[PDB]
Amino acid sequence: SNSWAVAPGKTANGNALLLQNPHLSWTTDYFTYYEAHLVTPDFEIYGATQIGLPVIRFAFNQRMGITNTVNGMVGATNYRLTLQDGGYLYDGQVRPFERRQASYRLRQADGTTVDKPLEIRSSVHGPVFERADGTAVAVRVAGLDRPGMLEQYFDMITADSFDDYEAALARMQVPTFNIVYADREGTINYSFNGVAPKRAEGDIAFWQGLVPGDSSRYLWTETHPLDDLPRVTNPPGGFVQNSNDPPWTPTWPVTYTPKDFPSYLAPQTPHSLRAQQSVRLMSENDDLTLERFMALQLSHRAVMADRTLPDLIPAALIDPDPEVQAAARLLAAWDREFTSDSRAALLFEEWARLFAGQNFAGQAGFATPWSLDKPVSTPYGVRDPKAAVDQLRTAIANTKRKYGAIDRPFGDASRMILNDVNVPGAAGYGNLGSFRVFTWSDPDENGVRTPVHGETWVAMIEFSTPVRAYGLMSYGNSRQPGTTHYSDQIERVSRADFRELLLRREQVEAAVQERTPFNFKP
């Protein structure tokens, strides 16, 4: 997921800009986004949210708007228990479990049901689960006493001012997520949100693994208030951003450092190349317009290529194998963009899979490691050119195996297929540097791959008067059997042709296709 909020001083017309850009699975049902518009005498909300949810999480109206990205707030702890004498060890003493006999029905293939007993055990930490290896684990989840999650979002996206928004945010009823805000007044804000328990010791890595469940020393009971979490409002850089990277470079120049917060709040791992691009795209440009802003969202640069090819190409050229030499010249002539006609892109991905791992997150191959001091220009270089060339040799074999050639057009293999619509793809993996994301699946018998995750709901808003917004939803607004609104937007996505989002009554009336009057019995 990506998120940008630009202050007026950084734009040409003086209006704030906001980008809603969540990346999620294209097939998981509970992750499916739905676009809607709600108008009432007292409020108006437009945006996307997961099906089944009564409130819009990615919302905006004539005055404000917000967006979310995943921050992975560690709000739950898994404790390894020490079982003994029918209970568990705690501070040198055997404590008893709290047991409860429950039961549930299980449907059989024939349609009938059977009753299955279920014993529910709990330690002082929480519910106990047994793993395959026999390890007894107790799960402690934070905020089980915060029932106002839905109402807090409602009050946030419906706020009349930044102050009311902040007051709502301060209730701490939404357990996770990075949240970015922007309004027509010109205020932009970034918040590392969530319900984080206060801990006496240990860094984030310690609290993410199995914590000893035999000591009251690790049993937290308090949580941090909004004031303790990383937040940025109207920074001097004139912009705010988050691409799932730790909250250490939400803007540029930064306004705080990792040492200003408990070391268990967020990791201090290297920022992905997509996150690095995000910072560069915003900090390097000025006098932004909505048009220019949208063009930037589409960037699909193979940043890893810029950090590796300089060293890889020369080394591959000395290899006697004419095919490796040919592959090197193919990569050398490439503009390093994930366009549809690219003939070197696929081969580069395959080399990258070996150089940096299947998820492209590996750091071991680089000559210069990542450093928070050069957050947008490291890591860099190839540590072992010779070894990198062996990997390229293998990559050539893997590319032919998967796609049938080392120079097949990127958009010929990468496709977006919904129902009867089949369009060429562009852009790719975020970890390779692509800002616009399409996480392509493994190819089929014929080397054809499709998005499994990536761009879903995409919207860019300019808080002018009246507001101006454009958007697109990859997989349509309906998934019911036989709907005509499942594959009717994938073509536009393919051409980066955004729809104007209609908020004004006259625009809506001019585009109406169906009218459903309704009577609600209060």
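Heads up: residue numbers just count along the shown sequence, starting at 1.
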(message) Please compare 262 to 270 with 293 to 301 and name the stretch with the higher mean C-alpha B-factor in the deposited structure.
(response) 262 to 270
(message) I need to verify one thing: averaged over C-alpha atoms only, is the B-factor higher for 108 to 116 or for 345 to 353?
(response) 108 to 116
(request) Using the temperature factors in the entry, find which of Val174, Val437, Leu418, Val232 has the highest value at its Cα atom. (result) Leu418
(message) Looking at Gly365, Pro250, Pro375, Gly86, which one carries the largest C-alpha B-factor according to the PDB entry?
(response) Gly86
(request) Relative to the other modelled residues of the same chain, rank the CA B-factor of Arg495 and answer lowest, middle or highest third. (result) highest
(request) Select lowest, middle or highest to describe the third in which the CA B-factor of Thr483 falls within its chain in this entry. (result) highest
(request) Consider only the C-alpha atoms of the modelled residues in this chain, order them by B-factor as the entry records it, and name the third containing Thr82: lowest, middle or highest. (result) highest
(request) Taking the chain's C-alpha temperature factors as the reference, tell me which third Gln513 falls into: lowest, middle or highest. (result) highest
(request) Taking the chain's C-alpha temperature factors as the reference, tell me which third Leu503 falls into: lowest, middle or highest. (result) highest
